[PDB]
Amino acid sequence: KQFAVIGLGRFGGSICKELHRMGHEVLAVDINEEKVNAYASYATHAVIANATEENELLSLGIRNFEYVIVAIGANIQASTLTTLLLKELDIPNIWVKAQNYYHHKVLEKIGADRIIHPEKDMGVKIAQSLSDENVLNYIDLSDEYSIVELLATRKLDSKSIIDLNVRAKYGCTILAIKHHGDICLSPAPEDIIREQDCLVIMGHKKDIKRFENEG
Amino acid sequence: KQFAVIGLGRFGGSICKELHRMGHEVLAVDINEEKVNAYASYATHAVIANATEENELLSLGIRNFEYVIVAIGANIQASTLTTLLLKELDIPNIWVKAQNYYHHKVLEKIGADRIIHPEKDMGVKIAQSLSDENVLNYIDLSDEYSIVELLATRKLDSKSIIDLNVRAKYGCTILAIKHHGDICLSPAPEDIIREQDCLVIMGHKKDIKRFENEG
Amino acid sequence: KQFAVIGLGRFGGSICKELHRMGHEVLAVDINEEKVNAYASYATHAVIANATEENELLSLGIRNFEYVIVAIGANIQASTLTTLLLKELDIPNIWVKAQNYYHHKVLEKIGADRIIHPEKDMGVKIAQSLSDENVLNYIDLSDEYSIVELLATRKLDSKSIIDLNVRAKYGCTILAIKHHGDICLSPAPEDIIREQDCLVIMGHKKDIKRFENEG
Amino acid sequence: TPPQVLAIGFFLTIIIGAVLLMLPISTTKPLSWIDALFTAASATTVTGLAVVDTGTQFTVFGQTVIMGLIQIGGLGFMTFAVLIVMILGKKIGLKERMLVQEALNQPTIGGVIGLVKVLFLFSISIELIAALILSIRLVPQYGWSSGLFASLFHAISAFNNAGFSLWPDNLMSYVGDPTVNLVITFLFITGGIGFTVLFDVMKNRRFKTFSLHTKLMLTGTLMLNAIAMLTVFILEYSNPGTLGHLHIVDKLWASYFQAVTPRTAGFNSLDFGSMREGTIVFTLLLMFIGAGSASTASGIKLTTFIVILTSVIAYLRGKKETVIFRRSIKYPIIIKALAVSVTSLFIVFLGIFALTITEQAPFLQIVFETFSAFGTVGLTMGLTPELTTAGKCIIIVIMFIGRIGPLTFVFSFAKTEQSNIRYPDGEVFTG
Amino acid sequence: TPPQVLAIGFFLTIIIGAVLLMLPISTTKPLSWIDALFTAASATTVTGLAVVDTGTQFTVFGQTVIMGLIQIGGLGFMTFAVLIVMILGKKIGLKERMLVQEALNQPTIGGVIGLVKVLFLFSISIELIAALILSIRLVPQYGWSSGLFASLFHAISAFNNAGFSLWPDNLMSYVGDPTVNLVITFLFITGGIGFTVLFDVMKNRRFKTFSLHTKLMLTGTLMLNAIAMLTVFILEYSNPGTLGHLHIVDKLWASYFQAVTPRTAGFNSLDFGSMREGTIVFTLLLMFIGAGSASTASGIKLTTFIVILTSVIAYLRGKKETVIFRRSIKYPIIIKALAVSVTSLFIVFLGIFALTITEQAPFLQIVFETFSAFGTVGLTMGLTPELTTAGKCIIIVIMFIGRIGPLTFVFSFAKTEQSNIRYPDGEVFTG
Ligand SMILES: Nc1ncnc2c1ncn2[C@@H]1O[C@H](COP(=O)(O)OP(=O)(O)OP(=O)(O)O)[C@@H](O)[C@H]1O
Ligand SMILES: Nc1ncnc2c1ncn2[C@@H]1O[C@H](COP(=O)(O)OP(=O)(O)OP(=O)(O)O)[C@@H](O)[C@H]1O
Ligand SMILES: Nc1ncnc2c1ncn2[C@@H]1O[C@H](COP(=O)(O)OP(=O)(O)OP(=O)(O)O)[C@@H](O)[C@H]1O
Ligand SMILES: [K+]
Ligand SMILES: [K+]
Ligand code: NA
Ligand code: NA
């Protein structure tokens, strides 16, 4: 797999550094000279180029990349023109970072395979942690079911798993308990719940909220 | 014929590409480096130069060109100083793209052989198509007579030329009828008028409008 | 005589071109690259330098010039700092172009040998020609006496010098009469005054105005 | 493509000239196919290297073909191409004007057609006058039939920086003659100073009005000939083979002649094979440098040598820019001079490397022959008649690239691809 | 002044070494003042040119002084200066750190004191190991008293790129020996690759993490030795004097050894005086290029040659910048490489010009001696014993400038005056 990342910002530069860490061939393209010099050591190849130009895009050998990530999310004109060129060049996978709702609609029309909202998705996840401080990290399996990594309270100290009627009353299944950097995978009844550490739970979205308030 | 086009914009770059397509020697002059690099392949010779400078203008051999087109229509100072230099250099034909009414008056004073308003002429032609959707393209022979390429309506379907009394009542002559990419030059009575395709007509400006409303 | 002109503007560039025409060694100094390239052929030596810097000023050999003209009249900080350096370097003659009344007072304090107001002096001379269209060019010998090059009117046609009682009544002396590109130096009585051509007169400032109104 | 027209057109004149010299009419003796090709190439490249003697091998018609190749090659292929089009009445287009810009090494197409009119009219005028001046000397010695032709041949040969001579001794019988020395040295000095330099002196009669290039050529040539005249006179004063059995007046003429002839005429008054090794070393640097960008000379030009030398001295003195005659020199001028000098040394190195493999000759003669062939000088130490069939083919390639220039030869087969992309800076220690 | 300290300090080691070699204790035979000065200069400049045989003229104490001058000269004057200050306990100041930056040709003073600790510890470690490996061969042939000293002398000589040998035949008796060939070639290849290159390989074990300079030296040396090995083997295969009366295994060893020894060790296994002229021409280039900016070699460096060559090819291909290994090269890097190459050729040209006036020798031997002396290689064709008193003084100047570098020698006596003024652009035709 050969990856090309166009636009070395906070979001684009993180993809370059992570893919280079995993041992992947990454082409880092940016119009800024200082950005390319900073990410020259964090990419297989770093080029100072304008992606809105077809002649400069063909000089990179961009047709040899299966995945191209257009991480420009503040210039709609630069973002939409780039993916119009890549779609014309028959790139199998174009992932674009969008800015707002209207930018999302343009990229969907001109054939962007996946459209990403990094700050919008994180802001929704952060606002869930602000509203309820008991949660630490959650993953939405669907619109009604989710896996929530809860934080243990003071009332849950010295409590066994069989004491908590999550399976019967709340209809939720405890998945894993982490104690002081040691994680217990699929605990069996019964285990004593320690102080304020991680507690992974799975259930309906409304059912987990009932467990937090009651227990 | 040797042509020089000064200013590679939307209007100037179109003259360079069209004259180069027809097989003409075109000199493309622009002050922008990126514009010259883009039109280097679409011109016989492309130079990065400032046309307001006499020394740079004489380095191009501009005295060897019969036609010079000054396609700068947003910088009045650059446009008027260029044609003042070319008039001083005794260029036989200087065609200048103007911006407004006052720019047109300056270029007429300093000796511009032909003054062009590309957006103003197109806006008048477009507004004729907006006002009456039956017309497609027209050419003004004079202030009272024009050739209008009409669009066939539903009431004109299955109608013969002799049925339409354009020659007698409206005083208009049908010139050519185009059917599905096939154009009939000077049709003879009588031909069946098909569905919504081109229909070229010639007559007085007020007489064609009567034909559209009545038929 | 070696002259240095600092600041190649409309006023400074005219001194460089005129002194170079007369056959003088002129050093043209300007902070603008384009100004120096334009006046490289009109000066013996043209240097791109900042005159407010003592190190750059000493690199020019500015101590070898008897006359230095600081023709900067829109930047008071650049103008006053330059002449402070030249006064410290013991330049015998520093001529500075001023901007307003307050700039004139600063340069007088820091030791400018001659202070020049080019636009202010021309505006006063132009306004004299606007107020009275009979005058063409005048030179103020003093605050009450001047030499005025008048323009002949229609009433002065076919008139002899002895007919005009300028010597007796007006107390003014006719100096020279120019007829169609031919100038008569110190005409003798009597000469016929032709149509609207030059007529040099000398007298009191109030006495010439009486001659214009009466004759 | 403008460099491709120059390479194709200049190579075709070698083939056309080789056929004409190989005809039985043009020669008195049978001539080899390689020797006919070498003589034709040595004429259109205007070098002067002769395997066979020009006077004996060729007839009067054969020497007339030599004069045609010298005149065509000396002024350039595209110089006469414009004249033919102008005579026929066809107007010069923009495409035809770009060829003249490339042939004359001009930066702009501004007033380049009018330069060809000036340089062609000046060439025929000064060769006709110099033939008349040489006629007062060559006619009482060789009659009217041969005296007039010898003056006409040598005026064209000297002005175009050829070095061809009809006599078996290349100007070795006129060491002390001021008539032959002054006229011939006036020809290749003015003919090699540059067509742009000559046009500037004609229109401007004051030195302060000259351009930077004109002031460099006038001052650079005067200083370079002064150093060369002192070097040859001092080194060869006690030499018994050359400059030893001569009067003090004759020593000054031969020292002056040998100071100016390596750039790039290739005439001689003393035998280069009997000179000391010290003078030959100085002559190789001398004939590695030519004269004039648009002239009849070759090699790296005098302005290329001055630009590189001043750029280094400015760096060694800590200066941030190259300044000659109180004028800054931009980066594109420096890199073009860098490309000319490096490519020329690479081709000369390959020529010396290829000749040592093939030819069994002393090393000093091999180096002297390669610098003379590449600079199109034509001075020999006694190697050109001794070259093998493979050795002559190497010199023909060297003379061809030397006359057309290393840059225009490479641009013929090097396609240019434009890329606006850039790369991050890398640090490499080049101490 | 940092270039002035290097020039003064490096010259004082010649004077100190000349006195020590001139003492009756250090020599078995009377020695001339010029020969003592030449031997001392050939050791601190680490060239290896010997008028007199090292084994016979000098005693064991005299050869110990040679090892001291080779070690001091090979690693640099300021390398041991920092060690003395560190041992005494005095801290290294900013002024003392700027001298190390100039001596090591570094662009920044970031981590330059720690580099000296690495390169000195690596030098003594690898010379001690290589002496032990050479001890298994030199001891059964020369006993314990001389076998241990011969291995210690040659390990220091080979690592520092000296070429000094105790035996009358400089490694000509070990043509087919894999023990002497592999160990010695491993020393000057690694000792000449660069101290910065070695430090990068030690701390980074993956090629993609190397810097641009390290990747240039590793790939450039491998490609240059491959071309040189093919050139020597093909050209000298049929030569009766060298590489003719040898087995196929022995031909591969001698071709490999002579491919790597001109940069810049100067050892040999075949006689260079009996080689063909074609191989000598290719070695002249070969030993005009050194290896490593901060190493024990001299001449123009391998990175200087690559930077200039790539800059020209980029110009010929129409590219607007010099790109090697997908990294752009800035203008200051190009102009520094331009100044090194032009100044080096000017000094070599003056050396050849001065030697031809003084020495009565074949021209090929004079050119070979000057390139060998300037690059501090030490290969001879049979001229160094035949040099006159004036000829030896020219070589000492050439060896001195070659080791210290042309740039640092000029910066000693060229005062730098800073001027911020600029000049209008001038157009000069450099075609
Ligand atoms: N046409 C272009 N071609 C290539 N790179 C570009 C182009 N236009 C902008 N960039 C670069 O893309 C990068 C990211 O774009 P930008 O900063 O506008 O978006 P952003 O949404 O604010 O970024 P982020 O949130 O990832 O920091 C910048 O480094 C910018 O220089
Ligand atoms: N002095 C000049 N000399 C040459 N070219 C110039 C000069 N000034 C402007 N140009 C170029 O002329 C071109 C057209 O001018 P400009 O964009 O100002 O006019 P416009 O009326 O907006 O153009 P258009 O409608 O054709 O797009 C531009 O590419 C601009 O860079
Ligand atoms: N510090 C400086 N050193 C040298 N030249 C300078 C400096 N500052 C300004 N100049 C140059 O001086 C010239 C004249 O100055 P400026 O244009 O500010 O004055 P001005 O009164 O408007 O000029 P003018 O009426 O003569 O046109 C300009 O070309 C400007 O670039
Ligand atoms: K010649
Ligand atoms: K050595
Ligand atoms: Na952001
Ligand atoms: Na003003």
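Our numbering is plain: 1 for the first residue shown, then up by one each step along the chain.
Per the header of the entry, the method used was electron microscopy, 2.8 Å.
The backbone N, Cα and C atoms fix where each Cβ goes, and this holds for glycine too.
Between the candidates A:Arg10, A:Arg21, A:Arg154, Swiss-Prot assigns the NAD(+) site shared with A:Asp30, A:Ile31, A:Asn32, A:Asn50, A:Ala51, A:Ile72, A:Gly73, A:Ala74, A:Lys97, A:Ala98, A:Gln99, A:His103, A:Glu119 to A:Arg10.
Filtering A:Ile31, A:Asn50, A:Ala98 by Cβ distance to ligand 6 (under 6 A) retains none of these binding-site residues. Take A:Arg10, A:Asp30, A:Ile31, A:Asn32, A:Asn50, A:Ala51, A:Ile72, A:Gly73, A:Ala74, A:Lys97, A:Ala98, A:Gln99, A:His103, A:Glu119, the residues named in the record as contacts for NAD(+): the widest Cα to Cα gap among them comes to 25 Å. Residues near A:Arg10 (NAD(+) binding site) in space but far in sequence (CB under 8 A, at least 6 apart, same chain): none are found. Only A:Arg10, A:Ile31, in sequence order, out of the binding-site residues A:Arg10, A:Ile31, A:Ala98, A:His103 have a CB under 6 Å from ligand 1.
A simple way to gauge crowding: the CB of A:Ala74 (NAD(+) binding site) has 11 other CB atoms within 10 angstroms, across all the protein chains here. With respect to Cβ neighbours within 10 Å, the binding-site residues A:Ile72, A:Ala98 differ, and A:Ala98 shows the lowest count. In the three-state DSSP assignment, the secondary structure recorded for A:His103 (NAD(+) binding site) is helix.
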